[PDB]
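S.K.: Below is start.cif; it holds mmCIF, C-alpha atoms and all ligand atoms.
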```
data_final
#
loop_
_atom_site.label_atom_id
_atom_site.label_comp_id
_atom_site.auth_asym_id
_atom_site.auth_seq_id
_atom_site.Cartn_x
_atom_site.Cartn_y
_atom_site.Cartn_z
CA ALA A 1 3.91 -17.89 16.88
CA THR A 2 5.51 -16.22 19.93
CA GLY A 3 3.76 -14.71 22.98
CA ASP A 4 4.74 -11.17 21.89
CA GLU A 5 3.38 -11.61 18.29
CA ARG A 6 -0.09 -12.49 19.57
CA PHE A 7 -0.09 -9.86 22.36
CA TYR A 8 0.94 -7.02 20.04
CA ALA A 9 -1.48 -8.03 17.23
CA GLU A 10 -4.55 -8.89 19.36
CA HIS A 11 -4.26 -6.35 22.25
CA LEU A 12 -1.47 -3.74 22.26
CA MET A 13 -1.67 -2.42 18.67
CA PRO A 14 -5.53 -2.25 18.51
CA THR A 15 -5.52 -0.37 21.87
CA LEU A 16 -2.77 2.12 20.95
CA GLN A 17 -4.26 2.76 17.49
CA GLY A 18 -7.68 3.27 19.16
CA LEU A 19 -6.21 6.01 21.44
CA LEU A 20 -4.08 7.91 18.93
CA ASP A 21 -4.72 9.68 15.64
CA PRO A 22 -2.66 7.96 12.81
CA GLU A 23 0.01 10.68 12.47
CA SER A 24 0.60 10.75 16.28
CA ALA A 25 1.01 6.94 16.14
CA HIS A 26 3.66 7.38 13.41
CA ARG A 27 5.57 10.11 15.34
CA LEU A 28 5.55 8.09 18.59
CA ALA A 29 6.76 4.97 16.70
CA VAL A 30 9.70 6.93 15.25
CA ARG A 31 10.54 8.27 18.74
CA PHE A 32 10.35 4.84 20.48
CA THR A 33 12.38 3.17 17.72
CA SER A 34 15.00 5.97 17.76
CA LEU A 35 15.54 5.32 21.51
CA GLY A 36 15.75 1.49 21.04
CA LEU A 37 12.65 0.88 23.24
CA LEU A 38 11.92 -2.50 21.58
CA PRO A 39 11.42 -6.27 22.36
CA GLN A 40 19.85 -14.74 15.20
CA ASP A 41 19.33 -14.77 11.36
CA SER A 42 20.21 -18.13 9.74
CA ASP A 43 22.62 -18.16 6.76
CA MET A 44 19.69 -19.29 4.53
CA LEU A 45 18.46 -15.67 4.67
CA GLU A 46 21.68 -14.05 3.42
CA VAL A 47 21.50 -12.41 -0.04
CA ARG A 48 24.40 -10.86 -2.04
CA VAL A 49 23.07 -8.16 -4.41
CA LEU A 50 23.60 -4.44 -5.40
CA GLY A 51 27.32 -4.70 -4.46
CA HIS A 52 26.55 -5.68 -0.81
CA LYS A 53 25.82 -8.51 1.68
CA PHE A 54 22.31 -8.41 3.22
CA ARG A 55 22.13 -10.63 6.32
CA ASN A 56 18.37 -11.02 5.77
CA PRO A 57 16.13 -9.92 2.85
CA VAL A 58 13.46 -8.01 4.90
CA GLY A 59 13.79 -4.19 4.83
CA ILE A 60 11.83 -1.22 6.16
CA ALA A 61 10.23 0.62 3.24
CA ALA A 62 10.58 4.39 2.70
CA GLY A 63 8.07 6.57 4.55
CA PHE A 64 8.40 5.25 8.07
CA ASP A 65 11.67 7.10 8.76
CA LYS A 66 11.45 10.02 6.33
CA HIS A 67 14.11 12.13 8.05
CA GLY A 68 16.69 9.47 9.13
CA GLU A 69 15.87 9.70 12.84
CA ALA A 70 15.50 5.99 13.74
CA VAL A 71 18.07 4.06 11.65
CA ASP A 72 19.84 2.21 14.49
CA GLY A 73 16.55 1.25 16.16
CA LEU A 74 15.30 -0.18 12.86
CA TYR A 75 18.36 -2.50 12.70
CA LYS A 76 17.65 -3.45 16.35
CA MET A 77 14.07 -4.38 15.29
CA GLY A 78 15.61 -7.04 12.96
CA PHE A 79 15.47 -5.43 9.47
CA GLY A 80 18.23 -6.64 7.12
CA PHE A 81 18.39 -3.16 5.58
CA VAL A 82 16.93 0.28 6.15
CA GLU A 83 15.61 2.79 3.62
CA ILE A 84 15.11 6.37 4.78
CA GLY A 85 13.22 9.14 3.01
CA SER A 86 11.84 10.46 0.79
CA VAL A 87 14.15 13.44 1.38
CA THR A 88 13.56 16.67 -0.60
CA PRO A 89 16.30 19.31 -1.31
CA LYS A 90 14.75 22.08 0.82
CA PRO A 91 12.63 21.44 3.91
CA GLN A 92 8.88 21.38 3.28
CA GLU A 93 5.80 20.78 5.39
CA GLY A 94 3.80 18.49 3.05
CA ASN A 95 0.02 18.52 2.68
CA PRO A 96 -2.51 19.89 5.21
CA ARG A 97 -3.89 17.54 7.87
CA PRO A 98 -5.66 15.14 7.95
CA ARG A 99 -3.32 13.22 5.66
CA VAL A 100 -3.09 9.61 7.04
CA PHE A 101 -6.11 7.24 7.28
CA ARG A 102 -6.43 3.72 8.71
CA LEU A 103 -8.60 1.10 6.98
CA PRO A 104 -8.47 -1.68 9.65
CA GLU A 105 -11.14 -3.83 7.90
CA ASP A 106 -8.85 -4.01 4.83
CA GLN A 107 -5.51 -4.09 6.76
CA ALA A 108 -4.69 -1.01 4.71
CA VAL A 109 -3.62 2.60 5.06
CA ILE A 110 -4.21 5.61 2.78
CA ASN A 111 -1.71 8.49 3.01
CA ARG A 112 -1.25 11.87 1.30
CA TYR A 113 1.71 13.18 3.36
CA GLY A 114 3.00 15.13 0.30
CA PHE A 115 6.74 14.61 0.92
CA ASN A 116 7.02 16.31 4.29
CA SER A 117 10.80 16.52 4.76
CA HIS A 118 13.42 18.07 7.01
CA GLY A 119 15.47 18.57 3.82
CA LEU A 120 18.85 17.33 2.58
CA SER A 121 21.04 19.46 4.91
CA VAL A 122 19.42 18.24 8.15
CA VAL A 123 19.44 14.60 6.95
CA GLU A 124 23.11 15.01 5.74
CA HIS A 125 24.20 16.13 9.25
CA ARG A 126 22.18 13.34 10.91
CA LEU A 127 23.84 10.67 8.70
CA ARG A 128 27.31 12.21 9.03
CA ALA A 129 27.08 11.92 12.83
CA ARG A 130 26.83 8.07 12.57
CA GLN A 131 28.68 7.47 9.25
CA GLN A 132 31.43 5.21 10.71
CA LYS A 133 28.87 3.16 12.66
CA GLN A 134 26.99 2.74 9.35
CA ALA A 135 30.21 1.70 7.57
CA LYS A 136 30.58 -1.15 10.15
CA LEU A 137 26.88 -2.07 9.87
CA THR A 138 27.14 -2.24 6.07
CA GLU A 139 30.30 -4.43 6.33
CA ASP A 140 28.35 -6.73 8.71
CA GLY A 141 25.50 -7.16 6.15
CA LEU A 142 23.17 -4.29 7.22
CA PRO A 143 23.04 -1.71 4.36
CA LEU A 144 21.44 1.75 4.20
CA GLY A 145 19.32 3.17 1.40
CA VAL A 146 18.22 6.77 0.87
CA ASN A 147 15.11 7.62 -1.09
CA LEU A 148 15.29 11.03 -2.83
CA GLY A 149 12.29 13.26 -3.67
CA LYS A 150 11.64 16.65 -5.19
CA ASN A 151 10.28 19.88 -3.76
CA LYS A 152 6.64 20.85 -4.54
CA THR A 153 7.64 24.08 -6.38
CA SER A 154 10.62 22.71 -8.41
CA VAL A 155 10.70 23.41 -12.20
CA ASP A 156 13.18 20.60 -13.07
CA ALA A 157 12.98 17.25 -11.25
CA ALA A 158 16.47 16.30 -12.54
CA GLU A 159 18.02 19.25 -10.62
CA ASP A 160 16.33 18.13 -7.34
CA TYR A 161 17.45 14.51 -7.74
CA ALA A 162 20.99 15.64 -8.79
CA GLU A 163 21.21 17.72 -5.54
CA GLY A 164 20.16 14.61 -3.56
CA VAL A 165 22.83 12.47 -5.28
CA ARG A 166 25.53 15.07 -4.49
CA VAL A 167 24.57 15.52 -0.82
CA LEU A 168 23.34 12.06 0.33
CA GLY A 169 24.89 9.76 -2.29
CA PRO A 170 28.21 9.66 -0.34
CA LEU A 171 26.34 8.50 2.84
CA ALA A 172 24.19 5.76 1.20
CA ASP A 173 24.73 2.19 -0.01
CA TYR A 174 21.93 2.80 -2.50
CA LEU A 175 19.85 5.72 -3.70
CA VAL A 176 16.23 5.56 -4.93
CA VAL A 177 14.57 7.85 -7.51
CA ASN A 178 10.64 7.67 -7.67
CA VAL A 179 9.34 7.65 -11.28
CA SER A 180 5.71 8.48 -12.33
CA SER A 181 3.85 7.44 -15.53
CA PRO A 182 6.03 8.93 -18.38
CA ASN A 183 3.26 8.68 -21.04
CA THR A 184 0.64 10.31 -18.71
CA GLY A 185 7.69 10.76 -21.90
CA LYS A 186 10.38 8.11 -22.46
CA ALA A 187 12.98 10.68 -23.65
CA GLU A 188 12.23 12.69 -20.44
CA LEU A 189 12.81 9.60 -18.24
CA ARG A 190 16.06 8.84 -20.12
CA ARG A 191 17.17 12.49 -19.58
CA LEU A 192 16.35 12.31 -15.87
CA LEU A 193 18.12 9.00 -15.18
CA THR A 194 21.12 9.97 -17.35
CA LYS A 195 21.70 13.07 -15.14
CA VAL A 196 21.27 11.01 -11.92
CA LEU A 197 23.83 8.39 -13.11
CA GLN A 198 26.33 11.07 -14.34
CA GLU A 199 26.08 12.74 -10.89
CA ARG A 200 26.50 9.34 -9.16
CA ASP A 201 29.54 8.46 -11.31
CA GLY A 202 31.11 11.74 -10.19
CA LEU A 203 31.40 10.49 -6.58
CA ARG A 204 34.62 8.94 -5.29
CA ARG A 205 34.53 5.12 -5.78
CA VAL A 206 34.55 4.36 -2.03
CA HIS A 207 31.38 6.53 -1.58
CA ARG A 208 29.62 5.64 -4.85
CA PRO A 209 26.09 4.26 -4.25
CA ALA A 210 23.90 1.94 -6.35
CA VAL A 211 20.96 3.76 -8.06
CA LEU A 212 17.46 2.22 -8.08
CA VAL A 213 14.19 3.43 -9.66
CA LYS A 214 10.95 3.05 -7.62
CA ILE A 215 7.71 2.68 -9.54
CA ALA A 216 4.04 2.82 -8.68
CA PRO A 217 1.69 -0.01 -9.73
CA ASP A 218 -0.41 2.61 -11.64
CA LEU A 219 1.46 2.35 -14.94
CA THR A 220 0.28 1.35 -18.39
CA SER A 221 1.81 -1.68 -20.19
CA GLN A 222 3.60 0.88 -22.42
CA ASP A 223 5.00 2.71 -19.34
CA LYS A 224 6.41 -0.58 -17.95
CA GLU A 225 8.01 -1.55 -21.31
CA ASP A 226 9.56 1.95 -21.57
CA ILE A 227 10.91 1.86 -17.97
CA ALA A 228 12.44 -1.59 -18.49
CA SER A 229 14.09 -0.47 -21.74
CA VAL A 230 15.59 2.71 -20.21
CA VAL A 231 16.77 0.84 -17.05
CA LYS A 232 18.70 -1.70 -19.18
CA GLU A 233 20.03 0.90 -21.68
CA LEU A 234 21.47 3.13 -18.91
CA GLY A 235 22.67 0.47 -16.45
CA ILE A 236 20.34 1.41 -13.59
CA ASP A 237 21.31 -0.94 -10.72
CA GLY A 238 17.83 -2.03 -9.67
CA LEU A 239 14.08 -1.45 -9.31
CA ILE A 240 11.78 -1.02 -6.29
CA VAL A 241 8.37 -2.49 -7.08
CA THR A 242 6.04 -0.91 -5.81
CA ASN A 243 4.99 2.35 -4.22
CA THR A 244 1.37 2.88 -3.10
CA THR A 245 -1.57 2.76 -5.46
CA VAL A 246 -3.93 5.57 -6.47
CA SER A 247 -6.45 2.86 -7.52
CA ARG A 248 -9.17 1.63 -5.17
CA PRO A 249 -9.54 -2.11 -5.71
CA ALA A 250 -13.06 -3.48 -5.60
CA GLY A 251 -13.96 -4.83 -2.13
CA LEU A 252 -12.48 -2.15 0.19
CA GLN A 253 -14.65 -1.90 3.31
CA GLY A 254 -12.97 0.86 5.35
CA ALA A 255 -15.17 3.95 5.88
CA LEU A 256 -12.17 6.08 4.67
CA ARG A 257 -11.70 4.25 1.31
CA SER A 258 -12.58 7.40 -0.76
CA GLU A 259 -9.91 9.62 0.83
CA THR A 260 -7.33 10.91 -1.71
CA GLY A 261 -3.87 9.40 -1.62
CA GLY A 262 -1.79 6.28 -1.88
CA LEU A 263 -3.22 2.95 -0.66
CA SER A 264 -0.85 0.45 1.02
CA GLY A 265 -1.16 -2.87 2.85
CA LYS A 266 -3.08 -6.03 1.99
CA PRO A 267 -5.10 -4.64 -0.98
CA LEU A 268 -1.84 -3.71 -2.70
CA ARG A 269 -0.18 -7.13 -2.19
CA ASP A 270 -1.04 -9.06 -5.35
CA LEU A 271 -0.98 -5.96 -7.59
CA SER A 272 2.62 -5.44 -6.37
CA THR A 273 3.52 -9.12 -6.87
CA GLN A 274 2.16 -9.09 -10.43
CA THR A 275 4.16 -5.90 -11.18
CA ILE A 276 7.37 -7.65 -9.90
CA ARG A 277 6.62 -10.61 -12.20
CA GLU A 278 6.22 -8.30 -15.21
CA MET A 279 9.34 -6.18 -14.49
CA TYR A 280 11.52 -9.29 -13.89
CA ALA A 281 10.42 -10.70 -17.27
CA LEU A 282 10.91 -7.35 -19.10
CA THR A 283 14.49 -7.10 -17.70
CA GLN A 284 15.29 -10.82 -18.39
CA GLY A 285 16.02 -11.40 -14.66
CA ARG A 286 19.21 -9.24 -14.99
CA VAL A 287 18.04 -6.21 -12.91
CA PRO A 288 17.68 -6.75 -9.10
CA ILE A 289 14.19 -6.02 -7.77
CA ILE A 290 13.20 -4.99 -4.24
CA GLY A 291 9.62 -6.22 -3.81
CA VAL A 292 7.21 -4.15 -1.69
CA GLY A 293 3.47 -3.92 -1.05
CA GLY A 294 1.29 -5.75 1.46
CA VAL A 295 3.93 -8.10 2.98
CA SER A 296 2.86 -9.38 6.44
CA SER A 297 3.94 -13.07 6.39
CA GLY A 298 6.61 -15.44 5.17
CA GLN A 299 4.24 -16.60 2.44
CA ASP A 300 3.79 -12.97 1.21
CA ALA A 301 7.61 -12.49 1.18
CA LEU A 302 8.24 -15.81 -0.62
CA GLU A 303 5.61 -15.05 -3.31
CA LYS A 304 7.48 -11.78 -4.15
CA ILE A 305 10.89 -13.56 -4.12
CA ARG A 306 9.64 -16.33 -6.42
CA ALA A 307 8.09 -13.67 -8.72
CA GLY A 308 11.57 -12.10 -9.06
CA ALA A 309 12.41 -10.01 -5.97
CA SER A 310 15.94 -10.35 -4.49
CA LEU A 311 14.88 -8.39 -1.36
CA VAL A 312 11.56 -7.34 0.15
CA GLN A 313 10.35 -4.39 2.20
CA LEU A 314 7.36 -3.72 4.41
CA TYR A 315 5.80 -0.83 6.23
CA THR A 316 2.00 -1.05 6.65
CA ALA A 317 2.13 -4.45 8.43
CA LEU A 318 4.05 -2.68 11.29
CA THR A 319 1.05 -0.45 11.92
CA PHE A 320 -1.15 -3.49 12.68
CA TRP A 321 1.31 -6.07 14.12
CA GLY A 322 4.00 -3.83 15.65
CA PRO A 323 7.73 -4.73 15.88
CA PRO A 324 7.16 -8.54 16.22
CA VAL A 325 6.10 -8.73 12.52
CA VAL A 326 9.78 -8.53 11.43
CA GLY A 327 10.79 -11.74 13.27
CA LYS A 328 7.50 -13.36 12.15
CA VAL A 329 8.18 -12.76 8.42
CA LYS A 330 11.81 -13.97 8.75
CA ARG A 331 10.95 -17.15 10.70
CA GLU A 332 8.03 -18.06 8.34
CA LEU A 333 10.18 -17.32 5.26
CA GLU A 334 12.97 -19.65 6.55
CA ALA A 335 10.41 -22.39 7.26
CA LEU A 336 8.81 -22.10 3.77
CA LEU A 337 12.25 -22.16 2.03
CA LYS A 338 12.97 -25.46 3.86
CA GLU A 339 9.50 -26.87 3.01
CA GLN A 340 9.93 -26.06 -0.73
CA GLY A 341 13.49 -27.52 -0.98
CA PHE A 342 15.46 -24.27 -1.45
CA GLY A 343 19.01 -24.12 -0.05
CA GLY A 344 18.45 -20.44 0.72
CA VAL A 345 16.72 -17.22 -0.36
CA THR A 346 19.11 -16.93 -3.35
CA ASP A 347 17.85 -20.16 -4.99
CA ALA A 348 14.20 -18.99 -4.79
CA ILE A 349 14.74 -15.62 -6.56
CA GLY A 350 12.65 -15.75 -9.76
CA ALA A 351 11.87 -19.47 -9.32
CA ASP A 352 8.31 -19.08 -10.77
CA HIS A 353 9.90 -18.05 -14.12
CA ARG A 354 11.93 -21.31 -14.40
CA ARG A 355 8.93 -23.72 -14.04
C1 LIG B 401 1.13 4.92 8.72
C2 LIG B 401 1.34 5.72 10.00
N1 LIG B 401 1.43 4.81 11.15
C3 LIG B 401 0.37 4.33 11.88
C4 LIG B 401 -1.08 4.68 11.72
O1 LIG B 401 -1.61 4.19 10.50
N2 LIG B 401 0.80 3.54 12.80
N3 LIG B 401 2.19 3.47 12.69
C5 LIG B 401 2.99 2.73 13.52
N4 LIG B 401 2.72 2.78 14.82
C6 LIG B 401 3.41 2.12 15.73
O2 LIG B 401 3.07 2.22 17.05
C7 LIG B 401 2.22 3.26 17.52
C8 LIG B 401 0.80 2.74 17.70
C9 LIG B 401 2.85 3.73 18.82
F1 LIG B 401 2.06 4.74 19.33
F2 LIG B 401 2.96 2.66 19.70
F3 LIG B 401 4.15 4.19 18.55
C10 LIG B 401 4.51 1.29 15.35
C11 LIG B 401 5.40 0.58 16.30
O3 LIG B 401 6.22 -0.22 15.88
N5 LIG B 401 5.38 0.93 17.62
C12 LIG B 401 6.25 0.42 18.60
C13 LIG B 401 7.59 0.83 18.56
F4 LIG B 401 8.03 1.63 17.56
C14 LIG B 401 8.47 0.37 19.54
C15 LIG B 401 8.01 -0.46 20.56
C16 LIG B 401 6.68 -0.84 20.62
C17 LIG B 401 5.81 -0.39 19.64
CL1 LIG B 401 4.17 -0.85 19.72
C18 LIG B 401 4.82 1.25 13.96
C19 LIG B 401 4.06 1.93 13.06
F5 LIG B 401 4.35 1.85 11.75
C20 LIG B 401 2.56 4.29 11.66
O4 LIG B 401 3.70 4.51 11.26
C1 LIG B 402 2.55 6.70 5.57
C2 LIG B 402 3.35 6.27 4.37
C3 LIG B 402 4.36 7.11 3.89
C4 LIG B 402 5.14 6.76 2.78
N1 LIG B 402 6.13 7.60 2.33
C5 LIG B 402 6.92 7.22 1.28
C6 LIG B 402 8.03 8.06 0.76
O1 LIG B 402 8.30 9.14 1.31
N2 LIG B 402 8.74 7.64 -0.31
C7 LIG B 402 8.51 6.45 -0.91
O2 LIG B 402 9.18 6.08 -1.90
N3 LIG B 402 7.52 5.61 -0.51
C8 LIG B 402 6.72 5.94 0.56
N4 LIG B 402 5.70 5.06 0.99
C9 LIG B 402 5.50 3.81 0.27
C10 LIG B 402 6.15 2.62 0.95
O3 LIG B 402 7.58 2.78 0.89
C11 LIG B 402 5.76 1.32 0.25
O4 LIG B 402 6.22 1.35 -1.12
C12 LIG B 402 4.25 1.02 0.24
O5 LIG B 402 3.59 1.53 1.42
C13 LIG B 402 3.95 -0.45 0.08
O6 LIG B 402 4.42 -1.23 1.17
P1 LIG B 402 3.45 -1.66 2.42
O7 LIG B 402 2.20 -2.20 1.79
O8 LIG B 402 4.27 -2.72 3.09
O9 LIG B 402 3.28 -0.42 3.27
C14 LIG B 402 4.91 5.44 2.12
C15 LIG B 402 3.89 4.61 2.63
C16 LIG B 402 3.10 4.97 3.71
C17 LIG B 402 2.03 3.99 4.15
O1 LIG B 403 4.93 11.60 1.23
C1 LIG B 403 4.04 10.96 0.65
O2 LIG B 403 2.88 11.43 0.53
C2 LIG B 403 4.26 9.67 -0.05
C3 LIG B 403 5.36 9.50 -0.91
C4 LIG B 403 5.48 8.29 -1.61
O3 LIG B 403 6.45 8.07 -2.40
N1 LIG B 403 4.54 7.34 -1.43
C5 LIG B 403 3.47 7.54 -0.60
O4 LIG B 403 2.61 6.65 -0.47
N2 LIG B 403 3.34 8.70 0.05
#
```
Is it possible to express this structure as structure tokens?
Ligand SMILES: CCn1c(CO)nn(-c2nc(O[C@@H](C)C(F)(F)F)c(C(=O)Nc3c(F)cccc3Cl)cc2F)c1=O
Ligand SMILES: Cc1cc2nc3c(=O)[nH]c(=O)nc-3n(C[C@H](O)[C@H](O)[C@H](O)COP(=O)(O)O)c2cc1C
Ligand SMILES: O=C(O)c1cc(=O)[nH]c(=O)[nH]1
M.R.:
Amino acid sequence: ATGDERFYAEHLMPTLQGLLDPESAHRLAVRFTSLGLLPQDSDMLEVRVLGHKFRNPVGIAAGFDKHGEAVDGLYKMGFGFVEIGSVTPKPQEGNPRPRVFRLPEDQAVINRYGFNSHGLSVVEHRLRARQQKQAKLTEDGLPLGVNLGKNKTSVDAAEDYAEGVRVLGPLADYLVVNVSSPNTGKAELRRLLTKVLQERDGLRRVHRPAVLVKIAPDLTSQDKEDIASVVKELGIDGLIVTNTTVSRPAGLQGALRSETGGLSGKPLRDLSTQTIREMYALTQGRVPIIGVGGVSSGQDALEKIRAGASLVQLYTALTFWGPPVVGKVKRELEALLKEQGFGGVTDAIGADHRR
């Protein structure tokens, strides 16, 4: 471990988080990153998936940069790809404060932001302003994803996601649609994803993004079977596994454990990993998976890759370790690939299923 990794984890992050409320910490992080106020990837880390080169498999998950304000800084931090959003059609404020809660004893966060968004038009103009720079970044193995949401008052989710495809699809390497429990159904999911794909296929080939579906871990076995079936039937390009959990695993110690919202970080890790394992098996290893939930080490990343993830993302680990976590995960992942006899990340994808 480096000097910076230890300093940030043991001293700087605990001090800054002790002085700030959690939402102020988030806003300041976005501002610092956007300005590049921050501290070489080996070829073993390169992955080719989703019609693109990824110079490393470690991405920033949706939620950190909801409004596309810090994309270039996130690449400077060392992420192999960036996902912005969720972005809603119209601007909206989200839920009343307080809406973000730290559980330091669990290395977890709970949030109920409620899709606070600057809206598609603002994000469109922000991305347009750097679109050629992004085209070069993407060519150099640093792709951009855009996560689409829906407005609170919308009657038809398909219309909101269609609007997002039309407006931000031409500026993205991939798009993400979040899907909730269809049975608490399948025909409605099929309808939704059919419209998204028809809208996507309407874009000029040079600006035609991949489409991924992001799922929560709070799905029945029937929900997961139904999602896998629809994804294969329609030719959805990939899955993001997983969002935050509305469950509260036994053993949480944080005083704020009973706050409403989505739980992220370490308590989500193995729930996420098990969901990757299930979705990889249900899609016969033919649908790329981005693995997300509780990643803070090379071991955590490798467990998701071996379970079936082609790429991984993190967010919550940044809140505890700061920017040095990105280099930590990458260095540890490279070391573990070498220790286990893999030629690169590619050879490890789904390796637990071929035992
Ligand atoms: C879930 C909301 N949430 C929380 C609360 O739960 N924390 N948090 C983050 N806070 C961060 O730093 C805070 C403390 C700051 F005040 F220093 F900005 C950072 C971070 O990387 N900061 C940072 C940087 F961006 C550039 C150079 C040095 C540093 Cl230390 C990343 C985060 F995800 C965040 O999004
Ligand atoms: C504060 C916060 C905001 C989030 N906002 C979004 C969002 O807008 N859209 C989305 O798909 N996921 C969102 N997520 C979920 C993350 O993208 C990720 O799936 C989840 O937090 C698990 O990863 P982690 O344990 O590494 O944080 C958010 C997470 C947090 C903690
Ligand atoms: O904005 C939010 O509340 C939010 C969205 C999402 O997809 N996941 C999450 O944990 N929070």
S.K.: With a distance cut-off of 7 Å and only C-alpha atoms, select the neighbouring residues of residue A:145, excluding the residue or stretch itself and same-chain residues fewer than 3 positions from it, and output the selection as a list in words.
M.R.: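 My list of contacting residues is residues 82, 83, 84, 172, 173, 174 and 175 of chain A.
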S.K.: Using atom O9 of ligand LIG 402 (chain B) and atom CA of residue A:293 as the two end points, give the distance in Å to one decimal.
M.R.: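 Distance reported for this atom pair: 5.6 Å.
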S.K.: Considering all atoms listed in the file, state which residue in the set A:268, A:58, A:38, A:318 is at the smallest distance from ligand LIG 403 (chain B).
M.R.: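 Counting all atoms listed in the file, the residue closest to ligand LIG 403 (chain B) is A:268.
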S.K.: Could you pull out the residues sitting within 9 Å of ligand LIG 401 (chain B), using only C-alpha atoms and all ligand atoms, and write them as a ChimeraX atom specification?
M.R.: /A:8,12-39,63-65,73-74,77,100-103,108-111,315-324
S.K.: Give me the residues near residue A:41 as a PDB file with C-alpha atoms, in the coordinates of the input, where near means some atom within 12 Å (using only C-alpha atoms) and where sequence neighbours in that chain fewer than 4 positions away do not count.
M.R.:
```pdb
ATOM      1  CA  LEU A  45      18.460 -15.670   4.670  1.00  0.00           C
ATOM      2  CA  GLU A  46      21.680 -14.050   3.420  1.00  0.00           C
ATOM      3  CA  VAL A  47      21.500 -12.410  -0.040  1.00  0.00           C
ATOM      4  CA  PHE A  54      22.310  -8.410   3.220  1.00  0.00           C
ATOM      5  CA  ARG A  55      22.130 -10.630   6.320  1.00  0.00           C
ATOM      6  CA  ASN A  56      18.370 -11.020   5.770  1.00  0.00           C
ATOM      7  CA  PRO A  57      16.130  -9.920   2.850  1.00  0.00           C
ATOM      8  CA  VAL A  58      13.460  -8.010   4.900  1.00  0.00           C
ATOM      9  CA  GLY A  78      15.610  -7.040  12.960  1.00  0.00           C
ATOM     10  CA  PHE A  79      15.470  -5.430   9.470  1.00  0.00           C
ATOM     11  CA  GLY A  80      18.230  -6.640   7.120  1.00  0.00           C
ATOM     12  CA  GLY A 141      25.500  -7.160   6.150  1.00  0.00           C
ATOM     13  CA  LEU A 142      23.170  -4.290   7.220  1.00  0.00           C
ATOM     14  CA  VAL A 326       9.780  -8.530  11.430  1.00  0.00           C
ATOM     15  CA  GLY A 327      10.790 -11.740  13.270  1.00  0.00           C
ATOM     16  CA  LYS A 328       7.500 -13.360  12.150  1.00  0.00           C
ATOM     17  CA  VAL A 329       8.180 -12.760   8.420  1.00  0.00           C
ATOM     18  CA  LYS A 330      11.810 -13.970   8.750  1.00  0.00           C
ATOM     19  CA  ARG A 331      10.950 -17.150  10.700  1.00  0.00           C
ATOM     20  CA  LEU A 333      10.180 -17.320   5.260  1.00  0.00           C
ATOM     21  CA  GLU A 334      12.970 -19.650   6.550  1.00  0.00           C
TER      22      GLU A 334
END
```
S.K.: Could you list, as a ChimeraX atom specification, every residue within 12 Å of residue A:337, counting all atoms listed in the file and ignoring same-chain residues fewer than 3 positions away?
M.R.: /A:42,44-45,298-299,301-303,305-306,330-334,340-349,351
S.K.: Write to file, as a PDB file, keeping the file's coordinate frame, the residues of the selection just made, with C-alpha atoms.
M.R.:
```pdb
ATOM      1  CA  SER A  42      20.210 -18.130   9.740  1.00  0.00           C
ATOM      2  CA  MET A  44      19.690 -19.290   4.530  1.00  0.00           C
ATOM      3  CA  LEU A  45      18.460 -15.670   4.670  1.00  0.00           C
ATOM      4  CA  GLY A 298       6.610 -15.440   5.170  1.00  0.00           C
ATOM      5  CA  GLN A 299       4.240 -16.600   2.440  1.00  0.00           C
ATOM      6  CA  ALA A 301       7.610 -12.490   1.180  1.00  0.00           C
ATOM      7  CA  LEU A 302       8.240 -15.810  -0.620  1.00  0.00           C
ATOM      8  CA  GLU A 303       5.610 -15.050  -3.310  1.00  0.00           C
ATOM      9  CA  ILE A 305      10.890 -13.560  -4.120  1.00  0.00           C
ATOM     10  CA  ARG A 306       9.640 -16.330  -6.420  1.00  0.00           C
ATOM     11  CA  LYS A 330      11.810 -13.970   8.750  1.00  0.00           C
ATOM     12  CA  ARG A 331      10.950 -17.150  10.700  1.00  0.00           C
ATOM     13  CA  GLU A 332       8.030 -18.060   8.340  1.00  0.00           C
ATOM     14  CA  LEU A 333      10.180 -17.320   5.260  1.00  0.00           C
ATOM     15  CA  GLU A 334      12.970 -19.650   6.550  1.00  0.00           C
ATOM     16  CA  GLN A 340       9.930 -26.060  -0.730  1.00  0.00           C
ATOM     17  CA  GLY A 341      13.490 -27.520  -0.980  1.00  0.00           C
ATOM     18  CA  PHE A 342      15.460 -24.270  -1.450  1.00  0.00           C
ATOM     19  CA  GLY A 343      19.010 -24.120  -0.050  1.00  0.00           C
ATOM     20  CA  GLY A 344      18.450 -20.440   0.720  1.00  0.00           C
ATOM     21  CA  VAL A 345      16.720 -17.220  -0.360  1.00  0.00           C
ATOM     22  CA  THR A 346      19.110 -16.930  -3.350  1.00  0.00           C
ATOM     23  CA  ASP A 347      17.850 -20.160  -4.990  1.00  0.00           C
ATOM     24  CA  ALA A 348      14.200 -18.990  -4.790  1.00  0.00           C
ATOM     25  CA  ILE A 349      14.740 -15.620  -6.560  1.00  0.00           C
ATOM     26  CA  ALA A 351      11.870 -19.470  -9.320  1.00  0.00           C
TER      27      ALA A 351
END
```
S.K.: Looking at A:140, A:233, A:352, A:223, which one is nearest to residue A:274, with distances taken over only C-alpha atoms?
M.R.: A:352
S.K.: Could you check the closest approach to ligand LIG 403 (chain B) for each of A:226, A:156, A:339, A:93 and tell me which residue wins, using all atoms listed in the file?
M.R.: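 So, comparing all the options, the nearest one is A:93.
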S.K.: Name the residues, by chain letter and number, that sit within 8 Å of ligand LIG 403 (chain B) using only C-alpha atoms and all ligand atoms, and give them as a PyMOL selection string.
M.R.: chain A and resi 62-63+86+94-95+110-116+149+178+243-245+261-264
S.K.: Would you please work out which residue, of A:164, A:350, A:59, A:169, is nearest to ligand LIG 402 (chain B) when using all atoms listed in the file?
M.R.: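 Using all atoms listed in the file, ligand LIG 402 (chain B) sits closest to A:59.
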